**Q** 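Below is the structure I would like to discuss, written out as structure tokens.
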Amino acid sequence: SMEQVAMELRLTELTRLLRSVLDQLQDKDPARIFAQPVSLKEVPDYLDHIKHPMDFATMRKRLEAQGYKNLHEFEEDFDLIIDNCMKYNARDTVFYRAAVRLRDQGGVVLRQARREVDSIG
């Protein structure tokens, strides 16, 4: 149907905008602390602590499969990155502090993304 195509074009355009959002958020992690999944070879107990691991490479895979239907879903995954790190790592660590700075800086980006998503539809 033409209606299915139109919905598919809207998903494609959302995917374009989410890719640019993802790029912008990941620039706020210049240490690449959140670039890849926590390695279970190197942190073998991680899944005892963190039930839903997340990282920017894993988000990028989902994004490229057009797997985010709306901005809320994408933000959920970004918040997991931050929130998982702030639980596993203590306050006095470079990891925790990196998460705080990514959260604070990414808030700005996400604020205008929400306006763009609403605006363009």
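Numbering starts at 1 and runs along the sequence shown.
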**Q** Please step through side chain to side chain contact (heavy atoms under 4.5 Å, CB included) for the pair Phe56 and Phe78, ending with a clear verdict.
**A** CA-CA 8 Å; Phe56 285 131; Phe78 178 64; 4.2 Å; yes
**Q** Side-chain donor-acceptor pair under 3.5 Å between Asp23 and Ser20, yes or no?
**A**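 Side-chain D/A pair, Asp23 to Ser20: absent.
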**Q** Nearest 0.5 angstrom please: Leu18 CG to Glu75 CD, how far?
**A**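 Rounded to the nearest 0.5 Å, the CG-CD separation comes out at 9.5 Å.
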**Q** Looking at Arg91, is its backbone amide N or carbonyl O close enough to the side chain of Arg97 to form a donor-acceptor pair, meaning the two atoms are under 3.5 Å apart?
**A**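 Yes: the side chain of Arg97 pairs with the backbone of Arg91.
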**Q** Using every non-hydrogen atom in the two residues, find where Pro37 and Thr58 come nearest and quote the distance to one decimal.
**A**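 Between these two residues, the closest heavy atoms are CG-OG1, 4.2 Å.
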**Q** Quick one, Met2 and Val5 - any side-chain contact, counting heavy atoms below 4.5 Å?
**A**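 The answer is yes, as the side chains (C-beta and beyond) meet within the 4.5 Å cut-off.
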**Q** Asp79: which residues meet the side chain to side chain contact (heavy atoms under 4.5 Å, CB included) condition with it, sequence neighbours left out?
**A**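 Result, side chain to side chain contact (heavy atoms under 4.5 Å, CB included) vs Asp79: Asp83.
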**Q** Do you know which two heavy atoms are closest between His72 and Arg114, and how far apart they sit?
**A**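 Closest pair (atom of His72, atom of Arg114, distance): N-NH2, 4.2 Å.
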**Q** Got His49 and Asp45 here, is their nearest side-chain heavy-atom distance under 4.5 Å?
**A**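 Yes, side chains in contact.
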**Q** Does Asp29 use its side chain to pair, donor to acceptor, with the backbone of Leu102 at less than 3.5 Å?
**A**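 Side chain of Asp29 to backbone of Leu102: no pair is present.
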**Q** Would you name the heavy atoms of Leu17 and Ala113 that are closest together and state the gap between them?
**A**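 Smallest heavy-atom distance, with atoms named: CD2-CB, 4.4 Å.
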**Q** Would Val38 and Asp55 satisfy side chain to side chain contact (heavy atoms under 4.5 Å, CB included), going step by step from the backbone distance to the final call?
**A** CA-CA 8 Å; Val38 172; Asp55 66 273; over 6 Å; no
**Q** Once rounded to the nearest 0.5 Å, what's the spacing between atom CG of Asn89 and atom CZ of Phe95?
**A**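 Between atom CG of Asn89 and atom CZ of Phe95 there are 6.0 Å.
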**Q** Any side-chain to backbone donor/acceptor pair from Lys28 onto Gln24? Under 3.5 Å, distance only.
**A**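 Such a contact is absent between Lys28 side chain and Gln24 backbone.
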**Q** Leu14 vs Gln66, test: side chain to side chain contact (heavy atoms under 4.5 Å, CB included). Steps then yes/no.
**A** CA-CA 9 Å; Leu14 175 65; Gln66 299 189 344; over 6 Å; no
**Q** Begin with the C-alpha distance, continue with both residues' side-chain angles, and end with the deciding distance and a verdict on side chain to side chain contact (heavy atoms under 4.5 Å, CB included) for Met59 and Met54.
**A** CA-CA 7 Å; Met59 294 192 58; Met54 193 47 54; 3.8 Å; yes
